Amino acid sequence: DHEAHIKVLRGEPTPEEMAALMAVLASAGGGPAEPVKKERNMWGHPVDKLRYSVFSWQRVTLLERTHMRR
Amino acid sequence: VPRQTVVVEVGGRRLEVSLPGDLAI
Amino acid sequence: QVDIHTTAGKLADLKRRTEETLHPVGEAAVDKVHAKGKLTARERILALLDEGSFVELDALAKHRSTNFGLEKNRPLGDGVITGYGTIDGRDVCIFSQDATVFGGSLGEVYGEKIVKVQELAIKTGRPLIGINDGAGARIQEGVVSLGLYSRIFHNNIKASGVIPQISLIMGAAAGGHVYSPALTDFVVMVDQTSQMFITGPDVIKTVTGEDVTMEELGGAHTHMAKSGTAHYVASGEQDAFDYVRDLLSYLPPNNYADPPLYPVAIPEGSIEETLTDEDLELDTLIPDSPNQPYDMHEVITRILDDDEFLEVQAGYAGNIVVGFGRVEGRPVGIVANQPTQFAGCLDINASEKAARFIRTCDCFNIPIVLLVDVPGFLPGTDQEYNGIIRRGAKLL
Amino acid sequence: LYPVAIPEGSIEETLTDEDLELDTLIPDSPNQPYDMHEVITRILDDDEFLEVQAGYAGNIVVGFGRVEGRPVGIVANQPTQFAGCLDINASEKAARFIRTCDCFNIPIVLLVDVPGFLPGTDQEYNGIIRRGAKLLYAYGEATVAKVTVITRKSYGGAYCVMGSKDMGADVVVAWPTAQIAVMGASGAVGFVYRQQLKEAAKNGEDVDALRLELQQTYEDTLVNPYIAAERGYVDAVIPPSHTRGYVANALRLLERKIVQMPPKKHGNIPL
Amino acid sequence: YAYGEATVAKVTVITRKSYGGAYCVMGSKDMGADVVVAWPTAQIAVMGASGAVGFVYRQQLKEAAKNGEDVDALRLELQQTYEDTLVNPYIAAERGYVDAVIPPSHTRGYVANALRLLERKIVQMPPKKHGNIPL
Amino acid sequence: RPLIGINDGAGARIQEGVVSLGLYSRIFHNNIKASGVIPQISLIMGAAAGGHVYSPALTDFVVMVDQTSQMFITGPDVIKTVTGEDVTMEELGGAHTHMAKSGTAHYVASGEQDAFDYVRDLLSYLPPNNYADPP
Amino acid sequence: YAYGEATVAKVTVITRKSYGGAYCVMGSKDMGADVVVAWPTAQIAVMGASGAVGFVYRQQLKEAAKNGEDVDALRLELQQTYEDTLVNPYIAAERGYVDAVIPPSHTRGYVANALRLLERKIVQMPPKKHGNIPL
Amino acid sequence: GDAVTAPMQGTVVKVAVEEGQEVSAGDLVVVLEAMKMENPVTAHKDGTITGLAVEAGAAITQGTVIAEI
Ligand SMILES: CCC(=O)SCCNC(=O)CCNC(=O)[C@H](O)C(C)(C)COP(=O)(O)OP(=O)(O)OC[C@H]1O[C@@H](n2cnc3c(N)ncnc32)[C@H](O)[C@@H]1OP(=O)(O)O
Ligand SMILES: CCC(=O)SCCNC(=O)CCNC(=O)[C@H](O)C(C)(C)COP(=O)(O)OP(=O)(O)OC[C@H]1O[C@@H](n2cnc3c(N)ncnc32)[C@H](O)[C@@H]1OP(=O)(O)O
Ligand SMILES: *C(=O)CCCC[C@@H]1SC[C@@H]2NC(=O)N[C@@H]21
Ligand SMILES: *C(=O)CCCC[C@@H]1SC[C@@H]2NC(=O)N[C@@H]21
């Protein structure tokens, strides 16, 4: 029972106004309802387009890190 | 132009709610 | 007719040319193609891709050859339709060869169009689908066509293991047309209307005296059962399209991407507490007698999601079964021994089939599950002489 | 990136009234100018376009916009200023804009209507060659998605500079009014059919009539999109109304690119 | 696949025939051959002159048979023309598929020079875990 | 290895059409790719016109011959027709012009042999590529 | 930009003058100069003595103007003081912007030593596709 | 400044203004044929036009004054 509920802090609507309000709010709600897991596609990632010095620490902290983050 | 009809059960009481079919936000 | 010197007139002229691109050699040729029960190169693209998703490239191309009076005849598109689109919402580059233009033979502009789509696919990391139907090189053009074949093969090799390459064979692919399909990852032939061969039956008869039909020499059944070259033998063009879509459903767009992963609700608990009746069916599957075989598809289906299994090379080397499935919505490549064929023994053909399948899965990040019921290798002097050692090590 | 609604359907099916206006935008006579902001606003989202260096080198328009929420950089020739001819200032302005967009992974769309480089001794003395090669270098080295739309002219070296296929343009589309040629019909007929226009004068024929007839033939046969389309330098000749859905589709296709270049510490762009 | 994949210095010397798909297989220019040279006896063509004539001039051959002419002599004459015109290294050299047509005695020197020039190469390929060579 | 290009010019071959433009674009693209990778030296020993002038501008060094070489995008005739200015090829794009005024030429040579000597002297200081050390 | 971007060895020899933004442009220590030496005649300052005096002593020069003193003499006296105090290599030497003030004859030795030691500088910039040099 | 001047040598094909007329910024003042193009020359500021010195069909040089606004 530990979830955030909608609160009507002020006002005492009757069942009809409550129903209208909830219907409108549900209609307003949207966006990604139950989206699939976002597909990984590292092809042509910006990090791969950079010039790295042969001894650059960013070869570890930026390039390898980006390729390995999962 | 079309209208959508939905059913709500506030406190168990059945209610029929008519909303515009193109409701935005 | 609107004046060609006006903007509206130029637009109308463009529309006239675009309409001409649909039937480059006249409506009679399209009628003949339909009369044989086949689809045109354009209809094939439009049937494979999603509705309205096809974008064409180099539609208005014409060949530049002047050899042997070729300049008298310059069909628009040069006999191949190229572009990109989507299959199940995911982009794919596509080309389709047209057998009504010079028998589908490859010329310079033809090859350049194919090369353009190949380079686009490699650049953007999207799968490439080729529909091959052609009579080898366009002889009137000469060695320029050979050069374009070399460029196409080089592009296939360059993309090998980088992007999924799928070849459909929906006609007589002769001579050089056969080598790009061999280099691509998957091959789907149509049952009785498609053939692949290097040398024609006429030359075979002249040199060796062997009488053979085109169907026997390079038919879909031949390349499935004997050559081990085709991965699917569709009963029709729509069936081939369906199989290709199923393949793409399992594969990622490129080697740097993950395979598509469906959302499946993982039940909670331990394996013991999560067993199903279909799982319990496995506890009694193995015959009591080791001499009694069983069908490994029974295990494959009972472990895969929805019992859905896309088999690869079903009619080739039946002693091993390879294919695609999903476990908890996660694509997997199954390799399994088949006790009902040669007692499940490994042999040359099964080893090569399984090896190529495993390498494809590894190229495109698809994990592999082996189901092992194997007593050893198939004994035989023929196996030894054909190289069971050398070609069995490929699976290793 | 901004979230936008993508209308489902083919590019022919999803045309809008605003898109249809591009079909009549281009004037009938090739001498008549038009404003390229009309194309820019009609292809960008919400007609919003943030121009850069608006008051400088008006013969080229550079700026930022969005195509289906994706930021893009527009580089366009402006026919109303100097007939759209490239020059030193336009070259430098467009070159640095392109290099900024490439540094920060912003794809570029080039709207091309260009008859050549602005003739003049001042251009040569101030380095139209050296300083115009900068734009060529910038476009060549850009590894972001690069889309080209040709409206009207694309001649000679200006063609090579303004997003040619062989310079790495990923998708080149041309309107039916596009005129791609080595040079204008007048100079061409002045060179091809040479000695023939002179034999006419030797015989005393109407040299002017013969020239004009030959120019008409050259314009009818060669000054059009279709020779380049046949060679493959143009990926598609399209109705103008289709431009927005071709740019959007092309950028979506090219959102991820890998281009291989030889390893260098850094380049040697002309300065 | 092996030849196309190879990134080492690749040199091709053609002596007599290079026909059809075997041309493409055996070190063609567009498959990545760095230097291609051909002897004067090189014969680079789509197919043998016999089949090429039997196809390009096929309508004339049937017409001659219908008209009662000497079809065999006509075929041999057409074949001779085809061989003398196209079965040679010069069409490929014109297209640039052959870098140089050389006397056969120049082969060792050309190969040595080419290898010395090509001892250092850089070729960019798309990144991949590994290839998918046919098996 | 270094690349040396000796240019004489006349621009695109008009009869061939836009195929020449395509090849010019390809050449410029290769110059840009090689930029900073290998030394690129341009000799102007003729009247380079039209598209011939853009590859040299992308190369690392430019050596013109004093009185027998010119670079200019558009000719004096077109300049006269459009702007009314009257100018010769030498004044418009001569070696002295591109040295003193436009800052494009790096060396102005008294003769062709002098230009060759300067090119050899340049190469004496430069490495074969950016991964090598200067001699 | 070019100087700051360069990662090859960078040596600066200041002979007489290095003022203001020109000082920053021409091989300043903080712009990355590996070695900086100054001859005894060097003169490193924000600007010339005349402008410096006309600014830092505006107060005293205007007081002299009020009192009628010879501003044309006071200005020269102050300019001489400023030149003798600050227009020299020694303030930069104190700040460490000049590695050493050397006799002119030492120049070749210092340059040779620096170049011998700085064959391979272990230096780097942040990763980028390329720079954005002004154009 | 307040001077509207030709951007190049060209032929005055059309004059879109009259002396003493009030015009706005961006309003067309003349049309010059030059480089095979009816290029427009427009007012860069709002104001009254004075010193109009353009006649149709006249060939004029770069930098010549079209008007003062
Ligand atoms: C180097 C790699 C190579 O493949 S070189 C060897 C190529 N040679 C061949 O493939 C032999 C030609 N093939 C054929 O005869 C047929 O097209 C095949 C493929 C057998 C199918 O037979 P069918 O469907 O009856 O066609 P068909 O023989 O009536 O030919 C139809 C039209 O196309 C033409 N055609 C065919 N192949 C080529 C070719 N390679 N080059 C040029 N033209 C070709 C035929 O001449 C015929 O033209 P038409 O419309 O009848 O005038
Ligand atoms: C993108 C590149 C372009 O748009 S430029 C396209 C053409 N540009 C030109 O300037 C062509 C004409 N150029 C000239 O003014 C001169 O011919 C130049 C090249 C400067 C040389 O002058 P000159 O030494 O007198 O030679 P010439 O005029 O007698 O010509 C000699 C032969 O060359 C030919 N030629 C020259 N240019 C071209 C060209 N672009 N395309 C085709 N042919 C060309 C001339 O016709 C002449 O041929 P022939 O020997 O008389 O048969
Ligand atoms: C009875 O002795 C039969 C022996 C069969 C041996 C089996 S056959 C198939 C496997 N391959 C092999 O070498 N041994 C196994
Ligand atoms: C007409 O063809 C000759 C005069 C105008 C030529 C125009 S001017 C601007 C373009 N640049 C060039 O070199 N020719 C074009």
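Quick note on labels: first sequence line is chain A, next is B, and so on, each numbered from 1. Counting convention: from 1, in listed order, for ligands and their atoms alike. No hydrogens, no waters, no symmetry mates; every other heavy atom, side chains included, goes into these values.
With a heavy-atom cut-off of 4.0 Å, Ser105(C) touches ligand 1 through its side chain alone. By the criterion of a heavy-atom distance under 4.0 Å, the side chain of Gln15(F), and not its backbone, is placed next to ligand 2. Residue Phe117(D) touches ligand 4 through its backbone alone, judged by heavy-atom distances below 4.0 Å.
The backbone N or O of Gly46(F) sits less than 3.5 Å from a side-chain atom of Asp8(F), completing a donor-acceptor pair. Under a 3.5 Å cut-off, the side chain of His177(C) and the backbone N or O of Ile198(C) do not form any donor-acceptor pair. Looking at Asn224(D), its side chain never comes within 3.5 Å of a backbone N or O of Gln179(D) through a donor-acceptor pair. The backbone N or O of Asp113(D) sits less than 3.5 Å from a side-chain atom of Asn77(D), completing a donor-acceptor pair.
A salt bridge between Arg95(E) and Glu108(C) is present, with a side-chain N of the basic residue lying under 4.0 Å from a carboxylate O of the acidic one. Salt bridge status for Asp78(C) with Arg138(C): present, with a side-chain N to carboxylate O gap under 4.0 Å.
Counting atoms of ligand 4 from 1 in the listed order, those under 4.0 Å from a heavy atom of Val82(F) are 4 (C), 5 (C). Here is the list of ligand 1 atoms found below 4.0 Å of a heavy atom in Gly103(C): 33 (O). Using a 4.0 Å cut-off to heavy atoms of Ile14(F), the atoms of ligand 2 that qualify are 6 (C), 7 (C), 40 (N), 41 (N). For ligand 1, the atoms closer than 4.0 angstrom to any heavy atom of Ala174(C) are 4 (O), 10 (O). Taking every non-hydrogen atom of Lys36(H) and a distance limit under 4.0 Å, the qualifying atoms of ligand 4 come out as 1 (C), 2 (O), 3 (C), 4 (C), 5 (C). With ligand atoms numbered from 1 in the order given, ligand 1 contributes 2 (C), 3 (C), 4 (O) to contacts under 4.0 Å with heavy atoms of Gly176(C). Within ligand 2, counting atoms from 1 as listed, the ones closer than 4.0 Å to a heavy atom of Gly50(F) are 2 (C).
For atom 15 (C) of ligand 4, the closest heavy atom belonging to the protein is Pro115(D) O, 3.9 Å. Among protein heavy atoms, the minimum distance from atom 7 (C) of ligand 4 is reached at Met35(H) CB, 4.6 Å. What sits closest to atom 13 (O) of ligand 4 on the protein, heavy atoms only, is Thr74(F) CG2, 3.3 Å. Atom 9 (C) of ligand 4 has as its closest protein heavy atom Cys85(D) SG, 3.2 Å.
The two atoms that bring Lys80(F) and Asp86(F) nearest to each other are NZ-OD2, 3.4 Å, heavy atoms only. Across every non-hydrogen atom of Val101(C) and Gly79(C), the tightest pair is CB-CA, 3.6 Å.
Within 4.0 Å of atom 4 (C) of ligand 4, at least one protein heavy atom is present.
For ligand 2, one of its N or O atoms has an N or O atom of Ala12(F) under 3.5 Å away. In terms of polar-atom proximity, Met47(E) is not counted as a contact of ligand 1, lacking any N or O under 3.5 Å from an N or O of the ligand. For ligand 2, the polar-atom distance check against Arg194(D) finds a nitrogen or oxygen pair separated by under 3.5 Å. On a distance-only criterion, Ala135(C) and ligand 1 share at least one N/O pair closer than 3.5 Å. Residue-to-ligand polar distances keep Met214(C) apart from ligand 1: every N/O pair is separated by 3.5 Å or more.
The option from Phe72(F), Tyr54(F), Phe191(D) that lies nearest to atom 35 (N) of ligand 2, judged by heavy atoms, is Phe191(D).
With contacts defined as side-chain heavy-atom distances shorter than 4.5 Å, the pair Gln9(H)/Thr83(F) does not qualify. Counting heavy atoms from C-beta outward, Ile227(D) and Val19(F) have side chains that stay 4.5 Å or more apart. You'll find the side chain of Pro115(D) stays beyond 4.5 Å of the side chain of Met35(H), heavy atoms only.
Within the structure, ligand 4 lacks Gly184(D) among the residues with a heavy atom less than 4.0 angstrom away. Within the structure, the closest approach of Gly187(D) to ligand 4 does not fall below 4.0 Å when heavy atoms are considered.
Aromatic ring pairs are classed by plane angle as parallel below 30°, tilted from 30° to 60° and perpendicular above 60°; the pair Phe28(F) and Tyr54(F) is perpendicular.
Applying the ring pair (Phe, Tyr, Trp, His ring centres under 6.0 Å) rule to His223(C) yields no partners; only residues at least two apart in sequence or on another chain are considered.
Just one of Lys38(C), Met170(C), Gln195(C) meets the side chain to side chain contact (heavy atoms under 4.5 Å, CB included) condition when paired with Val190(C); it is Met170(C).
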